[PDB]
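Student: Give the three-dimensional model of this entry:
(5 chains, ligands or ions: 5)
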Amino acid sequence: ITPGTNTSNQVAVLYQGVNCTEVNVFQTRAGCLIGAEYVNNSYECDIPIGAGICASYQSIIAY
Amino acid sequence: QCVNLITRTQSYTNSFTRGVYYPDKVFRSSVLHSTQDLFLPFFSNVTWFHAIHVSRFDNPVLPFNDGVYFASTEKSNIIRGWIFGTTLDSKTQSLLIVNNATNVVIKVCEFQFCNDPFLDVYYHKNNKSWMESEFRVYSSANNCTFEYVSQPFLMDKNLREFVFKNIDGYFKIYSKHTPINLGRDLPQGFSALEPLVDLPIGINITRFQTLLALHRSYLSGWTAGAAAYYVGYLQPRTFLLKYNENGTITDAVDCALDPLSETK
Amino acid sequence: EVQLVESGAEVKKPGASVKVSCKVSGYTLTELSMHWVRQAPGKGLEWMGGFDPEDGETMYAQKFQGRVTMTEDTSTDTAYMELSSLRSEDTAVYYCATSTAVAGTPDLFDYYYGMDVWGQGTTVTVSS
Amino acid sequence: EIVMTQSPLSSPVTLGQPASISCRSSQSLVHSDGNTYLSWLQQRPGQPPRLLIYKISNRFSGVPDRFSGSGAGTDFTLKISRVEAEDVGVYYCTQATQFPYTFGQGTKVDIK
Amino acid sequence: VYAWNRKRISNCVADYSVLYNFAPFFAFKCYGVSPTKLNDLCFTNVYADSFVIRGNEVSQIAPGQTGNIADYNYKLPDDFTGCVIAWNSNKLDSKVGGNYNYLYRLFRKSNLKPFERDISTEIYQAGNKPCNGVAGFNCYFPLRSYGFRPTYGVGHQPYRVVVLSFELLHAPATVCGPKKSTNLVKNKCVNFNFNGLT
Ligand SMILES: *[C@@H]1O[C@H](CO)[C@@H](O[C@@H]2O[C@H](CO)[C@@H](O)[C@H](O)[C@H]2NC(C)=O)[C@H](O)[C@H]1NC(C)=O
Ligand SMILES: *[C@@H]1O[C@H](CO)[C@@H](O)[C@H](O)[C@H]1NC(C)=O
Ligand SMILES: *[C@@H]1O[C@H](CO)[C@@H](O)[C@H](O)[C@H]1NC(C)=O
Ligand SMILES: *[C@@H]1O[C@H](CO)[C@@H](O)[C@H](O)[C@H]1NC(C)=O
Ligand SMILES: *[C@@H]1O[C@H](CO)[C@@H](O)[C@H](O)[C@H]1NC(C)=O
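Tutor: Numbering: from 1, shown residues only, chains lettered A, B, ... in the order given. Ligands and ions are numbered 1, 2, ... in the order given. Let me share the structure:
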């Protein structure tokens, strides 16, 4: 998961369908997300992760 | 005439994006070409060696691994070549590259190499000239199998970069000379290494040495000397190279260094 | 530092050649100008002969020409001297001296002359 | 052939006092290389001569700072600031510019 | 076979037809190039690797083949291109008392790399007991001699093997065909042969 390289070089990594114990660590139903912190505030979807989870750049947040 | 004479200290630094070479002999213009070869990984651990003579055996032997990236900001008159082999005695084959002020000369023989080998210059009164001696490099050279003399590649602030690969019999040397403005010796940016010399060697190489020129004092039998050089190791690894309109590799991405790089 | 060693002293009937040696250690002899000097007991010390870096190779005294001949062995790093037609006044202590052929770095070097390091003398005795 | 003169032949010197020895050359010892070439040697009985000074003022390795050299052209002086029991012997001035190499007659220095 | 002789071929024009004109070669086997197309190509990186082996081991000098000389004496890479030349040498490399000049490395700890020569005369430990440089029980010398005799039939007679190795198009060619060059023509639809590239 990245924004544009014009914007930033920071990335998040989604290990799809993998629990977080078999690999900023967040557990989604889509998989384990590394490098993005979860935010309780809800926004419009920018980068789709899956299972209701999306990512955006503000650092990279997941919501 | 083998003496243990040179001491050496080491430090650790970052490779940044150095060590890129042209993977083949094909011109490519304004393309993005992905190749898997023995490349120096980006931002890797590169050992900085300071080899010191002041006027015991303190010059340890480095393994060759799969290939060597070599760099030096120091001038071309003290550092004058390399040694390659496995045991560095008369039992096995040995490869020697010596640069001097007129040409470069390369042997593959069975050298009986000294523990601390160095080319030493001294004045000969019969020749009435400063001549070079290899008697401290080795004691003997018999059953010699290969010889090659060419135009030299250590000539004259100036960062000299070399890539040595030993693939299926051929010893491939890539080189580049870059004028580096006063600062960090290993600069940022890309300087692609043109394929310089492909030697038909066909020997086993797992260990190497780097060859120093030592001057007699005529005033502690040798003049004190200093040399600084960076050594990194190549890995079988995939790069993506950017060829511009003039055919120069101006930029690259190493695929495993970052996840974003892998996306690139 | 150049170290000079000598051979043993000798006594000889006049009319024969004398082989006098000087062995160099620490340095090899091709970097060194090599010279030879006699000293009589009760007299001032004067010169056999020695090397010339430029305008020739080896120079001799004017009164001792035709008798002194000088050889250098590069393999054993030795200097041999031969002197024929012995005289009763030749009972003397013989000194082998040496000095650096050049001085300076390879880019800037100058030719040197002199007698810096001297070895131990050998006693040449001419008797019955 | 360059002929030189040493002065004085014998100099009785007491302990600690400086002594001056004059070497005079009949020909000028200037060389085409620029530097004039004079060497002073000291000889002890039972000992070969060793290089005390080379090129007027420049010091040889192991030579103490008790010795000084001065002069130019055809007139040179060697000065001994302190004379001890190891300074007894014969001193020589020699040239290395023009062949043949000729040596002085020597100056004998003692204690009493 | 353990100290196989490796000769570079470069800076020549090669007439391969004279190999066909005089030919006692029983085995003439090329892998990546047709035998009649050697005169139609340009080459560099050209080698001749010569050794003497048994008559039944000439099949073992190939990419991916199985043997003792294949893994301990001489190994070919999997992407090898070139030609193997194997011919009987019973008239020259055999003696009635026994020609024992040709030796092979029977025993070694690990397999070789492709295009690697091993001349080390060290002992091999073939058992749990170490040998300590002395032959004995379960300790045998690696280099053993062939019992070449002319009274034997084909298949045990000594066979000389020369391996010609090339590269294709990845390097400036120095070994080329016997054809003469043609004058250059510009801006005109022609078919061209630049160093084997048609
Ligand atoms: C630089 O190295 C080359 C290679 O050895 C020297 O060239 C050789 O010099 C010897 C002199 O003894 C000749 O016999 C050879 O024929 C020369 N070979 C070639 C290929 O020229 C050269 O003299 C060296 N230069 C310096 C200044 O040391
Ligand atoms: C390089 O390796 C040394 C150990 O050999 C280690 O201490 C050092 O941290 C490494 N450098 C980097 C940048 O990780
Ligand atoms: C290597 O040299 C030695 C002595 O010169 C000789 O005995 C030996 O046969 C030689 N080996 C080869 C392979 O030429
Ligand atoms: C490429 O070549 C052109 C023509 O020689 C030159 O003007 C230009 O500076 C070169 N470099 C780049 C980056 O375009
Ligand atoms: C090459 O040399 C190294 C060390 O000398 C050794 O471990 C290795 O086995 C050699 N290669 C082969 C193919 O024997």
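
Student: Tell me the residues on chain B that lie near ligand 1, please.
Tutor: For chain B, the residues in contact with ligand 1 (C-beta under 6 Å from any ligand atom) are B:100-103, B:105, B:131-132, B:149. All C-beta atoms are positioned from the backbone trio N, CA, C, and that covers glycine.

Student: Quick one, which of those are buried?
Tutor: B:100, B:105 (16 or more other C-beta atoms under 10 Å in any protein chain shown).

Student: Widest-spaced pair of the residues of chain B next to ligand 1?
Tutor: Within the residues of chain B next to ligand 1, B:131 and B:149 form the most distant pair, 17.1 Å apart (C-beta to C-beta).

Student: rewinding a little: switch the residues of chain B next to ligand 1 over to TSV; also include distance to chain D and secondary structure.
Tutor: Shown next, in TSV, are those (distance: C-beta to the nearest C-beta, whole Å; DSSP: H, G, I helix; E, B strand; the rest coil):
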residue	distance to chain D	secondary structure
B:100	28	coil
B:101	25	coil
B:102	28	coil
B:103	32	coil
B:105	35	strand
B:131	22	strand
B:132	25	strand
B:149	37	strand
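
Student: I'd like the residues of chain B next to ligand 1 as CSV, with distance to residue D:18 appended.
Tutor: Putting the residues of chain B next to ligand 1 into CSV (distance: C-beta to C-beta, whole Å) gives the following:
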residue, distance to residue D:18
B:100, 53
B:101, 51
B:102, 55
B:103, 59
B:105, 59
B:131, 47
B:132, 49
B:149, 63
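
Student: which among the residues of chain B next to ligand 1 gets closest to ligand 5?
Tutor: residue B:105 (25.1 Å; C-beta to the nearest ligand atom).

Student: of the residues of chain B next to ligand 1, closest to residue D:64?
Tutor: Among these, residue B:131 lies closest to residue D:64 (C-beta to C-beta), at 37.3 Å.

Student: can you tell me which residues contact the closest one?
Tutor: B:121-124 (C-beta atoms under 8 Å, 6 or more residues apart in numbering or on different chains).

Student: sec struct for residue C:30, please.
Tutor: Secondary structure for residue C:30, judged by DSSP: H, G, I helix; E, B strand; the rest coil, is helix.

Student: what's the burial count for the closest residue to it other than its chain neighbours?
Tutor: Of all residues not flanking residue C:30 in the chain, residue B:124 sits nearest, at 5.3 Å (C-beta to C-beta, 6 or more residues apart in numbering or on different chains). By other C-beta atoms under 10 Å in any protein chain shown, the residues close to residue B:124 number 14.

Student: and residue B:124, bridged to which residues?
Tutor: Beta bridges link residue B:124 to residue B:129, judged by DSSP bridges.

Student: What's the separation between the residue positioned nearest the centre of chain D and residue E:3?
Tutor: The centre of chain D sits closest to residue D:40, judged by C-alpha atoms, centre = their mean, with a distance of 3.4 Å. Residue D:40 sits 66 Å away from residue E:3, taking C-beta to C-beta, to the nearest Å as the criterion.

Student: what does residue C:81 give?
Tutor: 52 Å.

Student: where does chain B come near chain C, residue by residue?
Tutor: B:121-126, B:128, B:130, B:215-216, B:218-219, B:221, B:223 (C-beta under 8 Å from any C-beta of the partner chain).

Student: Just to check, residue E:148 is in contact with residue E:97?
Tutor: No - with contact defined as C-beta atoms under 8 Å, residue E:148 does not count as touching residue E:97 (10.4 Å).

Student: Look at these two and report which has more neighbours.
Tutor: The neighbour count for residue E:148 versus residue E:97, taken as other C-beta under 10 Å, is higher for residue E:148 (22 against 6).

Student: ok, now which ones touch that one?
Tutor: By C-beta under 8 Å, 6+ apart, the neighbours of residue E:148 are E:93-95, E:98-100, E:102, E:157-158.

Student: now residue D:101
Tutor: Residues in contact with residue D:101 (C-beta under 8 Å, 6+ apart) are C:35, C:47, C:50, C:115, D:94-95.

Student: Name the SS class of it, please.
Tutor: coil.

Student: Beta-bridge partners for the most centrally placed residue in chain E, please?
Tutor: Central residue of chain E (C-alpha atoms, centre = their mean): residue E:163, 2.7 Å from the mean position. Counting by DSSP bridges, residue E:163 is bridged to residue E:49, residue E:84.

Student: In space, what's closest to residue E:166 - neighbours in sequence excluded?
Tutor: Nearest residue to residue E:166 in three dimensions, chain neighbours excluded: residue E:43, at 4.8 Å (C-beta to C-beta, 6+ apart).

Student: Surely that neighbour touches residue E:171?
Tutor: No - using C-beta under 8 Å as the test, residue E:43 is too far from residue E:171 to be in contact (9.2 Å).

Student: Give me the more crowded residue out of these two.
Tutor: residue E:43 (26 against 15).

Student: Might you report the residue contacts of that one?
Tutor: Per C-beta under 8 Å, 6+ apart, neighbours of residue E:43: E:14, E:166-168, E:173-176, E:196.

Student: Export those as CSV, with columns for distance to residue C:55.
Tutor: Converted to CSV, the contacts of residue E:43 look like this (distance: C-beta to C-beta, whole Å):
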residue, distance to residue C:55
E:14, 58
E:166, 60
E:167, 58
E:168, 63
E:173, 56
E:174, 51
E:175, 55
E:176, 57
E:196, 63
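
Student: Go ahead and build a PyMOL selection from the buried members of those residues.
Tutor: Selection of buried members from the contacts of residue E:43 for PyMOL, criterion 16+ other C-beta under 10 Å:
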select buried, chain E and resi 14+166+167+173+174+175+176
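
Student: tell me which of the contacts of residue E:43 is nearest to residue B:176?
Tutor: residue E:167 (24.8 Å).

Student: Is it correct that that closest one is in contact with residue E:45?
Tutor: Yes - applying C-beta under 8 Å as the test, residue E:167 and residue E:45 come out as touching, 3.7 Å apart.

Student: quick one: contacts for residue 61?
Tutor: Defaulting to chain A. Residues near residue A:61 by C-beta under 8 Å, 6+ apart: A:36-39, A:55.

Student: nope, chain D please
Tutor: With contact taken as C-beta under 8 Å, 6+ apart, residue D:61 is in contact with residue C:1.

Student: separation between the residue nearest to residue C:30 and chain D?
Tutor: 20 Å (C-beta to the nearest C-beta, to the nearest Å).

Student: cool, and residue E:116?
Tutor: Counting by C-beta to the nearest C-beta, the gap from residue E:116 to chain D is 54 Å.

Student: try residue B:95
Tutor: Residue B:95 is 41 Å from chain D, by C-beta to the nearest C-beta.

Student: what does residue A:49 give?
Tutor: Using C-beta to the nearest C-beta, residue A:49 is found at 79 Å from chain D.

Student: For that residue, grab the count of nearby residues.
Tutor: Counted with other C-beta under 10 Å, the neighbours of residue A:49 add up to 22.

Student: show me what contacts it?
Tutor: Neighbours of residue A:49 in contact, by C-beta under 8 Å, 6+ apart: A:1, A:14, A:28, A:30, A:33, A:55, A:62.

Student: that older thread, closest to residue B:4 among the residues of chain B next to ligand 1?
Tutor: Checking the residues of chain B next to ligand 1 against residue B:4 by C-beta to C-beta gives residue B:132 as the nearest, at 20.9 Å.

Student: Secondary structure class of the closest residue to ligand 1 within chain A, three-state.
Tutor: Per C-beta to the nearest ligand atom, residue A:9 is where chain A lies closest to ligand 1, at 49.7 Å. Classification of residue A:9 by three-state DSSP places it in coil.

Student: Run through the residues that contact the closest residue to residue B:6 other than its chain neighbours.
Tutor: Leaving aside its sequence neighbours, residue B:6 sits nearest to residue B:59 (C-beta to C-beta, 6+ apart; 4.6 Å). By C-beta under 8 Å, 6+ apart, the residues touching residue B:59 are B:4, B:6-8, B:51, B:115-116.
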